[PDB]
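Visitor: I have a structure I would like to understand better, so I am pasting it below and will then ask my questions one at a time.
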Amino acid sequence: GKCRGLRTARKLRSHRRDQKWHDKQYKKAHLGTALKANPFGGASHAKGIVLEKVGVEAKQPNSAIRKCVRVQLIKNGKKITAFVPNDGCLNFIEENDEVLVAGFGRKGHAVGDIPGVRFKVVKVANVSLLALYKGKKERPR
Amino acid sequence: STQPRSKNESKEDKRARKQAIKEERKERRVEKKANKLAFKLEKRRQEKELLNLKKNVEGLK
Amino acid sequence: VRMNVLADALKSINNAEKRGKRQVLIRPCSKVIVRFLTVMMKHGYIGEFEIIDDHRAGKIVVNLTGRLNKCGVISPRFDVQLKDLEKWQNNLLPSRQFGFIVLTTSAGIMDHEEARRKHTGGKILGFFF
Amino acid sequence: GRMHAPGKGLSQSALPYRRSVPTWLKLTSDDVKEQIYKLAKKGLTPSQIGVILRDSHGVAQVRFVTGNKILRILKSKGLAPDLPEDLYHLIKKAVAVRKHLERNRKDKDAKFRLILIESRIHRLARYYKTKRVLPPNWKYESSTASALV
Amino acid sequence: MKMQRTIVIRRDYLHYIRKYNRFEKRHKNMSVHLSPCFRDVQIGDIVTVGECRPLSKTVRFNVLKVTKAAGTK
RNA sequence: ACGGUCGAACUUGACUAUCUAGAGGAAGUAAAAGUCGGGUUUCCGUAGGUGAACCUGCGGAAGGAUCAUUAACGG
RNA sequence: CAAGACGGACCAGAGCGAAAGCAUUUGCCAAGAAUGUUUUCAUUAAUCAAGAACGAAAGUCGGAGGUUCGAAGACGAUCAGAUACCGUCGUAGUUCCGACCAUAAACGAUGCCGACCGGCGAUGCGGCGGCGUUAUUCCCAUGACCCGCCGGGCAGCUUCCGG
RNA sequence: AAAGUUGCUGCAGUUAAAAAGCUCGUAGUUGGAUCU
RNA sequence: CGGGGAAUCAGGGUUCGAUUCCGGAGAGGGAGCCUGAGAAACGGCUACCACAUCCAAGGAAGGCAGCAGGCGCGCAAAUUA
């Protein structure tokens, strides 16, 4: 098993660091390939311009059409499929508009029903979808 | 070559016949390696063109 | 090969106590081992013992009483400062009330409770409870 | 457990508890020494001498009788060999194996054995350099193997 | 000892790692000026050195006294 | 102003790294109901059989369901 | 009469080898374990990144050789759809020599060295102690059996040790 | 932090992911008693 | 940028420390200077490259990673008091 000597520090620490790379989390965090392939790129939110409305078909047993929005980010130019949350919130979003997109919750997993969609729309033209649904604010254009 | 080796065949006759089969196999595994790279190059580009659809160009509107 | 005879001794006595045997033959003997066993005896954990003088490294026959639960060794012999002794008797010993960590100091092979009295800390050896 | 062998033997000698010279043995230490000397001039290793003293003369352990061991007596008088006895034997063995190898090429097992022998020799050499019996420049060589024996 | 009037010594020490409670064997080589009054110095022997004003690009120390190797007479 | 020195910078090719236009190529993607239409126990490594699979040859494995018989042996 | 091939049955939970593996007789060549030792040396050791030997089968070069078998392949049979199964033949190979290659479920799917923790008798090797029986009653020792005991082996049975 | 799911304290490697084909071996680590 | 430190935590640890204290470094990029005790200083100068204002077409003036404030950038940050 383990070397349990008194002069074995260098063996130990080196072994630890060597084995640390096999951890999925650590590697994801420290290799800097996931930080570069991430469209947000170490960002809480991003802001993009909507290109088209996309009706993404839901993953098998739950049968529906999840209404997404194909944004193109401003800060680099990557394309993203972003799910528009509450019902009838797709109607607020129009083509060629500023949209604040955020993560879904799982750091890069497709959340639940929607396949290959990691992002959700939070704001449309600097007003929140949460407000627009509840009828608290008006959307400018 | 599909010739049964008769007993009366000696050196130069047997030796050239064996060297012909060696050259057939050498031509064969070059041809097999070429196909192994052809399928590998075609699978990898079709893997991209299928994974391209997952990200974009799949929906409704 | 046999590294650290004390460890061997402690395992041997330990097994012979879990089995509930009356006497144990432990070999080889060392002065460290003898001191350890003496210490153990002093707290009524073992009983008396005979050191068979073979002209080699001797053998010890130890009388056993069912009073011992676990006799363990810690190797390597870590250097234990008097500041850090509290962390050891929190890790190794089953209660604050009983059990002893044996450590070797310049003042001699002794318990942690005696170390505290004599103010000296040293390299850890074993523990018994 | 042996060094190179997988086997775990227990075949060894065990000296008695008594260290004092037995009552029947009416030999002086000087006499024993003389005997040793007169055996060594025939050309023997210390081991052989010891064996001889055990079998025929009834000398159990010479280090009990004289106080010094055989090789110290030999060293002290000056009839001791240059390279250590065991090491020499190992070298001889190695040489023999090499000879066999050169006679017959295909013997893989023999080669393997030779490798092991060489390793042993190296080990012993190292030890003897640490204890300053061999010169530090000394080295076992492939061609300069049979020259030492 | 292959430089003119200067030798290369090495200091071995044990560096402590707090995480593991263990040590590691670390060494540092020094270029150190040897005075020709300490002649017939062999390799592998203990030398006491003293800090001095920087003598070369790397030499800062200067041999003060040599005590011979353990096995050597 | 000669010379020295420090020396920004430019030009010339070589290896490179990037940024951004692009005839054409090969694709893929929604539209057209448009025209035609039985075998296998499970494997391993290798070689061949059209790439893989699978099959076979060679050498391994079981990670595969042991019934029964078994006292003399001398004139 | 010749040629290559292979060494059965004896062949075992028997042995040896680091593993891969290893079986006709005799001779030669060097090793090797275990055992016995009141022999010698006196820590010379344990495990080991770098590195280095050996490493089934298959395959690859170079020569030699082709008995059987045999991937390939060719025929023959077999059917809504048969192109694997089966049969005959049969190339490389399988055989040896000299180089390569370095992988196998290379298996105990169980690192190595060391200590401790129940029991039992069968076996193999060596040794020790024994009343006897046998070599046509042997003339002394020696062999072959039989009862024990020791050490190292390959195994086994049993056990509510503990896991 | 929960994560004794990076384990020094404190994980595992028969069947669950895992022990190199085997041996030698340079560094490293580790090394039997024994001197008031 | 490095420390002093911060966050979390039984014990061990893991992560953060551009941020007001100390030390370091640079004032668009590089390079070279003068004065001075002290500067290779930029709220000094001298060049070249990159930017860039006023021009009567000859020339002149630049340097907010100071305090406000602006643009740009962005998910992301205050008053020309």
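Residues are referred to by chain and number: the chain letter is A, B, ... according to the order shown in the structure tokens, the number counts from 1 in that chain, and ligands are numbered separately from 1 in the order shown.
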Could you please select, counting only C-alpha atoms (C1' of nucleotides), the residues of chain A within 10 Å of chain I and state them as a ChimeraX atom specification?

Guide: /A:40,43-47,74-75,100-102

Visitor: So that I can check the secondary structure, give me every residue of chain C assigned alpha helix (DSSP H) by backbone DSSP, as number ranges by chain.

Guide: C: 5-18, 31-42, 85-91, 112-118

Visitor: Would you output that residue set with N, CA, C and O atoms, as a compact mmCIF listing (two decimals), in the first residue's frame?

Guide:
# COMPACT_ATOMS: atom_id res chain seq x y z
N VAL C 5 11.14 -3.97 15.55
CA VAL C 5 10.79 -5.13 16.36
C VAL C 5 9.66 -4.86 17.35
O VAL C 5 8.89 -5.77 17.72
N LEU C 6 9.60 -3.61 17.79
CA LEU C 6 8.57 -3.16 18.74
C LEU C 6 7.18 -3.40 18.18
O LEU C 6 6.30 -3.90 18.89
N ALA C 7 7.01 -3.05 16.91
CA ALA C 7 5.76 -3.24 16.19
C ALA C 7 5.32 -4.70 16.22
O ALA C 7 4.17 -5.03 16.51
N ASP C 8 6.30 -5.55 15.90
CA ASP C 8 6.10 -6.99 15.88
C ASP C 8 5.64 -7.50 17.23
O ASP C 8 4.67 -8.29 17.32
N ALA C 9 6.31 -7.01 18.27
CA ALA C 9 6.01 -7.37 19.65
C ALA C 9 4.57 -7.01 19.99
O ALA C 9 3.79 -7.82 20.55
N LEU C 10 4.21 -5.80 19.59
CA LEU C 10 2.91 -5.26 19.96
C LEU C 10 1.81 -5.98 19.24
O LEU C 10 0.81 -6.34 19.89
N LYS C 11 2.00 -6.29 17.96
CA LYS C 11 1.04 -7.09 17.21
C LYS C 11 0.88 -8.46 17.85
O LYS C 11 -0.25 -8.95 17.99
N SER C 12 2.01 -9.05 18.22
CA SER C 12 2.01 -10.40 18.74
C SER C 12 1.26 -10.51 20.05
O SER C 12 0.42 -11.40 20.24
N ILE C 13 1.54 -9.57 20.95
CA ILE C 13 0.82 -9.55 22.20
C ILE C 13 -0.66 -9.28 21.98
O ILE C 13 -1.50 -9.92 22.61
N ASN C 14 -0.94 -8.38 21.04
CA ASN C 14 -2.30 -7.94 20.73
C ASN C 14 -3.20 -9.07 20.25
O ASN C 14 -4.29 -9.29 20.80
N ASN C 15 -2.73 -9.78 19.24
CA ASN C 15 -3.38 -10.99 18.76
C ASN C 15 -3.59 -12.00 19.88
O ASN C 15 -4.68 -12.57 19.99
N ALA C 16 -2.56 -12.22 20.70
CA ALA C 16 -2.64 -13.19 21.80
C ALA C 16 -3.58 -12.77 22.95
O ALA C 16 -3.85 -13.56 23.85
N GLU C 17 -4.06 -11.53 22.90
CA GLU C 17 -5.02 -10.98 23.84
C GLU C 17 -6.43 -11.06 23.27
O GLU C 17 -7.36 -11.35 24.01
N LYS C 18 -6.58 -10.84 21.97
CA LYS C 18 -7.86 -10.96 21.27
C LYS C 18 -8.28 -12.42 21.28
O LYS C 18 -9.46 -12.71 21.36
N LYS C 31 15.68 -3.48 24.02
CA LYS C 31 15.59 -2.64 25.19
C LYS C 31 14.37 -1.72 25.10
O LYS C 31 13.74 -1.47 26.11
N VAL C 32 14.04 -1.25 23.90
CA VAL C 32 12.86 -0.42 23.69
C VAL C 32 11.61 -1.21 24.08
O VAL C 32 10.71 -0.69 24.78
N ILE C 33 11.59 -2.47 23.66
CA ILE C 33 10.42 -3.34 23.87
C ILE C 33 10.23 -3.61 25.36
O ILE C 33 9.13 -3.48 25.88
N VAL C 34 11.32 -4.00 26.00
CA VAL C 34 11.36 -4.21 27.45
C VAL C 34 10.89 -2.98 28.22
O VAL C 34 10.06 -3.12 29.13
N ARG C 35 11.35 -1.80 27.84
CA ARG C 35 10.94 -0.56 28.51
C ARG C 35 9.44 -0.32 28.34
O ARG C 35 8.74 0.00 29.30
N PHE C 36 8.97 -0.58 27.12
CA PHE C 36 7.56 -0.40 26.76
C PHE C 36 6.68 -1.29 27.64
O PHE C 36 5.67 -0.85 28.22
N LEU C 37 7.06 -2.55 27.69
CA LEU C 37 6.33 -3.53 28.46
C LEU C 37 6.36 -3.18 29.93
O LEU C 37 5.32 -3.31 30.56
N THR C 38 7.49 -2.69 30.43
CA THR C 38 7.61 -2.24 31.82
C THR C 38 6.60 -1.14 32.12
O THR C 38 5.90 -1.17 33.13
N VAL C 39 6.54 -0.18 31.19
CA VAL C 39 5.62 0.95 31.29
C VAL C 39 4.17 0.46 31.37
O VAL C 39 3.39 0.92 32.23
N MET C 40 3.86 -0.49 30.48
CA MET C 40 2.54 -1.10 30.38
C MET C 40 2.15 -1.78 31.68
O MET C 40 1.01 -1.68 32.10
N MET C 41 3.12 -2.47 32.29
CA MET C 41 2.98 -3.16 33.56
C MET C 41 2.68 -2.18 34.68
O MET C 41 1.80 -2.43 35.51
N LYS C 42 3.44 -1.08 34.68
CA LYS C 42 3.30 -0.02 35.67
C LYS C 42 1.88 0.52 35.82
O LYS C 42 1.50 0.93 36.91
N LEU C 85 0.84 17.48 21.35
CA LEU C 85 0.51 16.25 22.07
C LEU C 85 -0.99 16.07 22.25
O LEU C 85 -1.49 14.94 22.22
N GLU C 86 -1.70 17.18 22.44
CA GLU C 86 -3.16 17.20 22.62
C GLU C 86 -3.90 16.66 21.41
O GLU C 86 -4.98 16.10 21.56
N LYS C 87 -3.32 16.85 20.22
CA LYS C 87 -3.89 16.34 18.98
C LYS C 87 -3.74 14.84 18.83
O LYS C 87 -4.57 14.20 18.19
N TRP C 88 -2.68 14.29 19.42
CA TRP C 88 -2.44 12.85 19.37
C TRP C 88 -3.36 12.08 20.31
O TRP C 88 -3.94 11.07 19.92
N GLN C 89 -3.50 12.58 21.54
CA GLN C 89 -4.41 11.96 22.50
C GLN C 89 -5.89 12.27 22.23
O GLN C 89 -6.78 11.87 22.99
N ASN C 90 -6.14 12.98 21.13
CA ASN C 90 -7.47 13.18 20.59
C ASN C 90 -7.73 12.20 19.44
O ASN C 90 -8.87 11.80 19.20
N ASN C 91 -6.66 11.84 18.74
CA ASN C 91 -6.73 10.92 17.61
C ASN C 91 -6.61 9.47 18.02
O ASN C 91 -7.42 8.64 17.57
N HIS C 112 2.39 9.87 28.11
CA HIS C 112 2.09 11.26 27.79
C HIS C 112 1.78 12.04 29.05
O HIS C 112 2.22 13.19 29.18
N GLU C 113 1.14 11.40 30.03
CA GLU C 113 0.77 12.02 31.30
C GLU C 113 2.00 12.38 32.14
O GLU C 113 1.98 13.38 32.85
N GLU C 114 3.05 11.56 32.05
CA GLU C 114 4.33 11.80 32.69
C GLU C 114 5.14 12.84 31.91
O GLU C 114 5.81 13.66 32.52
N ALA C 115 5.07 12.79 30.58
CA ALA C 115 5.69 13.80 29.71
C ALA C 115 5.21 15.20 30.08
O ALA C 115 6.00 16.13 30.19
N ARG C 116 3.89 15.30 30.28
CA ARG C 116 3.25 16.55 30.63
C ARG C 116 3.83 17.11 31.94
O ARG C 116 4.16 18.30 32.03
N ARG C 117 3.97 16.22 32.92
CA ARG C 117 4.59 16.54 34.22
C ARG C 117 6.04 17.03 34.10
O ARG C 117 6.38 18.10 34.59
N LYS C 118 6.86 16.25 33.39
CA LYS C 118 8.28 16.54 33.17
C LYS C 118 8.54 17.59 32.11
O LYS C 118 9.70 17.92 31.83

Visitor: Specify as a PyMOL selection string all residues of chain A found within 9 Å of chain E, counting only C-alpha atoms.

Guide: chain A and resi 5-13

Visitor: Could you please take those selected residues and save N, CA, C and O atoms as an mmCIF file, in the first residue's frame?

Guide:
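And here's again_36.cif as it stands now:
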data_model
loop_
_atom_site.group_PDB
_atom_site.id
_atom_site.type_symbol
_atom_site.label_atom_id
_atom_site.label_comp_id
_atom_site.auth_asym_id
_atom_site.auth_seq_id
_atom_site.Cartn_x
_atom_site.Cartn_y
_atom_site.Cartn_z
ATOM 1 N N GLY A 5 7.111 6.289 5.345
ATOM 2 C CA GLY A 5 8.426 6.641 5.851
ATOM 3 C C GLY A 5 8.420 8.046 6.402
ATOM 4 O O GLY A 5 7.372 8.693 6.480
ATOM 5 N N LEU A 6 9.598 8.513 6.787
ATOM 6 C CA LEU A 6 9.730 9.828 7.374
ATOM 7 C C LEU A 6 10.419 10.765 6.418
ATOM 8 O O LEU A 6 10.346 11.983 6.578
ATOM 9 N N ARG A 7 11.091 10.194 5.426
ATOM 10 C CA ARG A 7 11.782 10.967 4.412
ATOM 11 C C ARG A 7 11.086 10.828 3.071
ATOM 12 O O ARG A 7 11.672 11.094 2.016
ATOM 13 N N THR A 8 9.818 10.454 3.120
ATOM 14 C CA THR A 8 9.088 10.103 1.917
ATOM 15 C C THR A 8 8.161 11.213 1.381
ATOM 16 O O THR A 8 7.283 10.941 0.554
ATOM 17 N N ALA A 9 8.393 12.455 1.815
ATOM 18 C CA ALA A 9 7.464 13.560 1.569
ATOM 19 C C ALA A 9 7.298 13.815 0.088
ATOM 20 O O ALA A 9 6.185 13.976 -0.414
ATOM 21 N N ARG A 10 8.445 13.875 -0.586
ATOM 22 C CA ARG A 10 8.543 14.128 -2.014
ATOM 23 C C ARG A 10 7.870 13.041 -2.839
ATOM 24 O O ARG A 10 7.269 13.315 -3.888
ATOM 25 N N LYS A 11 7.955 11.808 -2.359
ATOM 26 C CA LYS A 11 7.271 10.698 -3.030
ATOM 27 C C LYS A 11 5.749 10.880 -2.927
ATOM 28 O O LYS A 11 5.020 10.768 -3.929
ATOM 29 N N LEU A 12 5.336 11.203 -1.699
ATOM 30 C CA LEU A 12 3.926 11.386 -1.356
ATOM 31 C C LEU A 12 3.227 12.500 -2.124
ATOM 32 O O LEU A 12 2.204 12.273 -2.790
ATOM 33 N N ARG A 13 3.787 13.698 -1.978
ATOM 34 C CA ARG A 13 3.172 14.890 -2.564
ATOM 35 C C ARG A 13 3.122 14.777 -4.083
ATOM 36 O O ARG A 13 2.093 15.080 -4.694
#

Visitor: Run DSSP on the backbone and tell me which residues of chain A come out as strand (DSSP E); list them as a ChimeraX atom specification.

Guide: /A:45-57,65-73,79-83,98-103,119-124,127-128

Visitor: Just the residues within 9 Å of residue 95 of chain A, please, counting only C-alpha atoms (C1' of nucleotides), with nothing from its chain fewer than 6 positions along; format it as a PyMOL selection string.

Guide: chain A and resi 49-53
